[PDB]
Structures are given as C-alpha cells and as structure tokens.
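For reference, the structure discussed in these notes is given below.
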There are 2 protein chains.
Amino acid sequence: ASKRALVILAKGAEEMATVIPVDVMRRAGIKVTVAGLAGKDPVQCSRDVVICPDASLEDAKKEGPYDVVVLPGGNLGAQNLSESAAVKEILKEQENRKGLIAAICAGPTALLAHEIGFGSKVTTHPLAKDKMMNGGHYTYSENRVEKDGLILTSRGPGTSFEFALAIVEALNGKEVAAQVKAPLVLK
Amino acid sequence: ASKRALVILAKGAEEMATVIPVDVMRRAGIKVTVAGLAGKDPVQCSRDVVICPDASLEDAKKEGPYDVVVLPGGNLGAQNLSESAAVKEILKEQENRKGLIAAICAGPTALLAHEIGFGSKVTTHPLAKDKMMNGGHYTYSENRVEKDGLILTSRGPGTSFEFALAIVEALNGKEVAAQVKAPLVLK
Ligand code: NA
Ligand code: NA
C-alpha cells in the first residue's frame with residue numbers, strides 16, 4: 001500500500017523547492033498529487049517556470065487524506081497558501097489525524113497563518129524568520145532540516161534534497177531514502 | 001546588455017536538472033528561453049512534472065544566437081535531443097561561434113550524437129558514462145562539474161546548483177555567482 005503526498009502549488013511558488021520534493025518523492029514510490037491552489041490551470045512560479053498541476057486543490061482535497069501535505073517554498077506562494085481557507089482546513093485535518101506536514105523556505109509561514117503546530121521547533125528561509133516568529137509561537141532552528149513530531153521544515157532551494165529525503169525517510173524508511181539518494185549525486 | 005540562455009526541453013527531461021538551471025540563471029539576470037523541442041505544448045518530464053515552455057524550439061532558434069545553450073538531464077530527454085536535427089544545427093553553430101555549451105546528467109550524450117566538442121574532458125551521470133565514452137571521443141572526469149573551454153558538463157540532480165552557478169560564473173562572473181549563491185542556502 002503506497003504512501004500518498006499532496007503538494008499544494010500556488011502562484012509564486014519557488015519552483016526548485018516544488019519540483020525537487022515532487023521528483024524525489026516519486027522516485028521513492030510515493031503517489032504525489034501536485035494540486036493547484038487556484039484550479040487546474042498552469043501555475044506561474046517565482047522564476048517564471050510554468051508548471052501544470054495534476055489536479056485542482058478543490059478536487060484533490062476530496063481524495064484525502066494524505067500521508068504528507070507539502071507546502072513548497074516561495075514568498076508569494078506562501079502568502080497565497082496563508083490566505084486560503086481550503087489550505088487551512090487541509091492542514092487542520094492533517095494535524096488532527098497526526099499526519100505529517102512538511103514545509104520549506106517561506107512555506108512554514110502558512111503554518112503560522114493557519115495556527116498549525118504551535119510550540120514546535122521549526123526552521124525557514126533566513127529571510128522568513130521574522131514573519132514565522134511573529135508572536136513567538138514557535139522555537140526557531142538554523143538546522144537545514146528540522147523535524148519536531150509531525151512538523152517537518154527546511155530552509156531553501158539548497159536544502160530541498162535533504163528536505164525531500166527526510167519526507168521519504170518519514171514515510172518509507174531510512175533504507176528507501178538511502179536507495180533514492182545515491183543516484184542523485186548529492187555531496 | 002544581458003546575457004541570454006537557451007534551455008532545450010524535451011519529453012523525458014529530468015525536471016530537477018531542468019528547473020534548477022533555469023531558476024538560478026534567472027536569479028543571475030540571464031534572459032532564459034525554455035524552448036520545447038517538439039513545439040510549444042507542455043512537456044511531460046521524467047518524474048511526471050509538466051512544464052510549459054516559453055516558446056517552441058522552432059521559434060526560439062530564430063532568435064539566436066545565445067550566450068549559452070543548455071542541455072538538461074534525463075535519459076529519455078537526452079535521447080530526444082540526440083535525435084534532433086534542429087539541436088544538431090544549434091549546437092554546431094554555437095560551437096563554431098565559440099559560445100558556451102552546458103550539459104548535465106545524460107545531457108552530454110547529445111554532444112556525442114552531434115559530434116560536438118570531441119577531445120574535451122567531460123563528465124556525465126555515472127550511468128551515462130559508457131554511452132558518452134563509446135568510441136573514446138572524450139576524456140572522462142568524475143568531477144561534479146567539468147569545464148573544458150566552451151564545454152561545461154555536470155553529473156546529476158544533486159550537482160545541478162553547482163552546474164548552474166558555473167554557467168552564471170562563465171557568463172556574468174564570480175561576484176554575481178557568489179551573490180546568487182548565498183540566498184539559496186547551499187551547503
Ligand atoms: Na539539499
Ligand atoms: Na549542486
């Protein structure tokens with residue numbers, strides 16, 4: 001029985017911090033749904049890469065629950081995630097069922113917006129620290145990947161492989177993560 | 001006067017080894033054209049990420065020349081690049097005008113197919129070494145990024161940031177590469 005991931009893709013997402021997790025998760029045999037926040041239409045990412053989602057979030061959310069919900073990076077993408085009632089509901093449900101929530105770069109700021117995982121140790125992109133820490137609802141970490149129970153966070157495009165492999169390890173185990181890692185030619 | 005990059009996107013491209021160079025080059029202020037080998041329609045990459053090109057290769061090739069031609073990774077993507085007469089012509093022209101040619105992962109095997117840069121030191125994904133070395137027309141390297149004159153090669157998804165920054169350094173210089181690198185949170 002394969003694990004399933006929901007990756008929520010909004011306008012202004014950081015395409016590296018989106019594609020790396022999708023691809024690495026699929027290499028691990030996770031069934032990944034790239035769901036467009038705004039619908040099924042193509043999404044213009046932060047550096048103008050245009051990605052066609054697999055489904056609208058509206059449709060994808062009806063096919064839950066998922067073993068992980070992934071919030072990609074991107075400052076404007078995260079702002080869109082933070083403003084979405086649908087995202088709020090998905091994250092609240094996932095938290096309530098004790099399912100993994102993974103967020104990278106500015107992505108974790110949507111956790112703050114939706115009051116998810118307060119009291120957790122988290123990291124973000126350095127430039128998003130102040131936003132994440134407004135109100136002191138989390139404890140901040142400068143680790144490249146941070147995991148506190150079901151809240152898994154990471155810092156930037158350059159930490160995306162580590163972030164993705166941490167998701168794989170959490171879902172499918174250390175051996176699968178190591179097997180997927182080797183052909184990537186990571187340092 | 002900004003530098004310009006042509007990134008040739010074929011079905012089966014490795015999406016990480018495509019998006020990382022596009023994004024990093026755009027961060028460096030390079031004008032990047034993501035050109036679809038087969039036309040302007042969306043391209044299904046190796047791990048099912050679907051990317052909409054900026055233009056068809058047919059149109060993009062008429063707007064050359066470019067300061068760099070980039071051949072992304074992906075074993076099936078590289079096979080498609082290797083079979084294309086349009087790619088052959090673009091690479092031959094670029095080589096003749098002493099312009100940079102950058103290829104990652106399986107991408108360099110298209111250089112072999114099109115008889116580009118023979119006698120150069122190159123690297124590839126380890127799994128593509130035998131294909132690249134058929135006939136002994138290159139000298140092989142296990143360096144993560146290899147540059148021999150105008151032929152710039154690299155190994156895999158995990159070397160994509162280094163590859164992209166080497167393109168940036170070649171076009172826009174070391175200082176710009178360092179400036180672009182820092183916010184990526186690379187190790
Ligand atoms: Na990483
Ligand atoms: Na790299």
Side-chain angles (χ1 to χ4, degrees), chain A residues 7 9 13-28 30-34 41-54 73-75 104-105 123-127 142 144-145 154-165 180-187, chain B residues 7 9 13-28 30-34 41-54 73-75 104-105 123-127 142 144-145 154-165 180-187:
Chain A
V7 176
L9 174 60
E14 219 301 326
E15 45 269 74
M16 297 184 290
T18 303
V19 170
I20 290 161
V22 169
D23 181 324
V24 170
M25 287 190 293
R26 287 179 171 149
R27 287 172 177 252
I30 298 165
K31 298 170 65 160
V32 181
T33 299
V34 181
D41 282 345
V43 178
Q44 186 183 13
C45 295
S46 71
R47 274 69 187 178
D48 273 356
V49 174
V50 177
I51 296 175
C52 300
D54 298 321
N75 185 46
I104 182 161
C105 188
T123 193
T124 67
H125 194 279
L127 298 173
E142 296 178 7
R144 293 172 62 78
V145 179
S154 189
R155 308 204 82 186
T159 67
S160 292
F161 288 103
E162 291 152 88
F163 171 70
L165 291 165
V180 168
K181 180 178 181 180
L184 300 176
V185 201
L186 289 168
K187 46 161 63 164
Chain B
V7 176
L9 174 60
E14 219 301 326
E15 45 269 74
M16 297 184 290
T18 303
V19 170
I20 290 161
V22 169
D23 181 324
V24 170
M25 287 190 293
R26 287 179 171 149
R27 287 172 177 252
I30 298 165
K31 298 170 65 160
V32 181
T33 299
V34 181
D41 282 345
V43 178
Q44 186 183 13
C45 295
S46 71
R47 274 69 187 178
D48 273 356
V49 174
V50 177
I51 296 175
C52 300
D54 298 321
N75 185 46
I104 182 161
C105 188
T123 193
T124 67
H125 194 279
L127 298 173
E142 296 178 7
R144 293 172 62 78
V145 179
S154 189
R155 308 204 82 186
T159 67
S160 292
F161 288 103
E162 291 152 88
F163 171 70
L165 290 165
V180 168
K181 180 178 181 180
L184 300 176
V185 201
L186 289 168
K187 46 161 63 164

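Letters A, B, ... are given to chains in the order of the sequence lines, protein chains preceding strands, and every chain is numbered from 1. Hydrogens, waters and symmetry mates are skipped; everything else that's a heavy atom, side chains included, is used.
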Handout entry: Any side-chain heavy-atom pair of B:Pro157 and A:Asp23 under 4.5 Å
Key =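 When only atoms from C-beta onward are counted, A:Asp23 and B:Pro157 do not touch, as no gap falls below 4.5 Å.
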
Problem - A:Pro42 side chain reached by B:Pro42 side chain, heavy atoms, under 4.5 Å - result: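 No, their side chains stay 4.5 Å or more apart.
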
Exercise for the section: May I ask you to say whether A:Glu14 pairs ionically with B:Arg26, meaning some side-chain N is under 4.0 Å from a carboxylate O? Expected result: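 No, A:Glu14 and B:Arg26 are not salt-bridged.
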
Say you draw a straight line from [atom1] of [X] to [atom2] of [Y]; how long is it, rounded to the nearest 0.5 Å?
X        : Y        : atom1 : atom2 : answer
B:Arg144 : A:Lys187 : CZ    : NZ    : 6.0 Å
A:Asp48  : B:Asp54  : CG    : CG    : 7.5 Å
A:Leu186 : B:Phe161 : CG    : CZ    : 10.0 Å

Exercise for the section: Measure distances from A:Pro53 to the heavy atoms of chain B and classify the residue's part below 4.5 Å as side chain, backbone, both or neither. Expected result: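 For A:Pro53, there is no contact with chain B at all, as no heavy atom is under 4.5 Å.
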
Exercise for the section: Sort A:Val22 into side chain, backbone, both or neither according to what part of it lies under 4.5 angstrom from a heavy atom of chain B. Expected result: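 Contact with chain B involves the side chain of A:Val22 alone.
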
Handout entry: Distance-minimising heavy-atom pair for B:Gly156 and A:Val185
Key =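 Result for this residue pair: CA-CG2, 4.3 Å.
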
Exercise for the section: Quick one: which of A:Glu15, A:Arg27, A:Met25, A:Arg155 has the most heavy-atom pairs under 4.5 Å with chain B, could you say? Expected result: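 Most heavy-atom pairs within the cutoff with chain B belong to A:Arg27.
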
Practice task
Please determine, among A:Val43, A:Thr18, A:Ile51, A:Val34, the option with the most heavy-atom pairs under 4.5 Å with chain B.
Solution key: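 Heavy-atom pairs under 4.5 Å are most numerous for A:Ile51.
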
Exercise for the section: Assess whether side chain to side chain contact (heavy atoms under 4.5 Å, CB included) is satisfied between B:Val24 and A:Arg47, documenting all intermediate values. Expected result: CA-CA 9 Å; B:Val24 170; A:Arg47 274 69 187 178; over 6 Å; no

Practice task
Please answer whether the main-chain N or O of A:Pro183 pairs with a side-chain N or O of B:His125 as donor and acceptor at a distance below 3.5 Å.
Solution key: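 Here the side-chain-to-backbone pair exists.
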
Handout entry: Toward chain A, the part of B:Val49 with a non-hydrogen atom under 4.5 Å
Key =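 Contact with chain A: backbone and side chain both.
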
